[PDB]
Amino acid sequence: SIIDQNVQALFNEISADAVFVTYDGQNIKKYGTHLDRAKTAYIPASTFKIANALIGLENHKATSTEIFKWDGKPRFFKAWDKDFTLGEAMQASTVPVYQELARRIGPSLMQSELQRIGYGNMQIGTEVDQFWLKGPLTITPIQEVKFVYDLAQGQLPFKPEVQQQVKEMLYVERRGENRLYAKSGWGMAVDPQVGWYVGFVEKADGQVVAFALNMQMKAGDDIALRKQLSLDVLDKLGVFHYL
């Protein structure tokens, strides 16, 4: 109860509309400045890389050790003018690498797969390398936590080793034997801009707590806030304490 209060007091800083959803395989809990956001579907943005990677590896469109060579065309961030493996690109949010992946998957296979796994509204439109960045694909924060919780538990409808590979692409840090897995997202090409920070905390016992920060974004917002806010919540909840 007071834990739940200590979490809300963090959201007093946050002028933006936000929601923080947690899941432990039984109960969904909601926190933030605007709770209806948990039931609302938004474009997945870079959080789709999780599903994309899974779909690609499952269908032999790539390997986890394969290197996606840079084409020489300067990308949106100078950081992306480089060669990447799916894991390195996952950490760096290298959009062009996953665009290449989506193109290799193709629109037919991408459609059937998203339908098979029930990922959000399962709509891709006509551009197989754009749907997650500008719609029509949408997904709710509740759908994100249930999806990412299953990845943690190896319960998604994919090969164990495929789920394993994508899981470790999301690894951030550990404290004791509690491990933090996460993925950030910023739907920059839509009004309103959507900000994501989706993941889970794996406690060595075997118990997992999946999480999903979903908030309103604006031009010029601090890129580090989403993660930082999420860690501040995970600390106050007792799921992932600071040192």
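Heads up, when I say rigid core I mean the largest set of C-alphas that superpose within 1.5 Å between the two forms. Residue numbers here begin at 1 and follow the sequence given.
Exercise. Line up the rigid core: which moves more in 8 other deposited structures of this protein, 50 to 58 or 173 to 181, by C-alpha RMS?
Worked result: Between the two stretches, 173 to 181 moves farther in 8 other deposited structures of this protein.
Problem set entry | Of 71 to 79 and 166 to 174, the stretch whose C-alpha atoms average the higher B-factor in the entry | The deposited B-factors put 71 to 79 ahead on the C-alpha mean.
Problem set entry | Criterion, highest CA B-factor; candidates, 189, 45, 182, 53 | That would be 189, according to the entry.
Problem set entry | CA B-factor placement of residue 13, once the chain's modelled residues are sorted into thirds | According to the entry, residue 13 has a C-alpha B-factor in the chain's highest third.
For this session: Compare the C-alpha B factor of residue 132 with those of the other modelled residues in its chain, then answer lowest, middle or highest third.
Result: Lowest third - that is where residue 132 ends up once the chain's C-alpha B-factors are sorted.
For this session: Ordered by C-alpha B-factor within the chain, which third holds residue 24? Give me lowest, middle or highest, please.
Result: Tercile = middle for this residue's CA B-factor.
Problem set entry | residue 203 by Cα B-factor - lowest, middle or highest third of the modelled chain | For residue 203, the deposited C-alpha B-factor lands in the highest third.
Exercise. Lowest, middle or highest third of the chain for the C-alpha temperature factor of residue 109?
Worked result: Answer is highest: the recorded C-alpha B-factor places it there.
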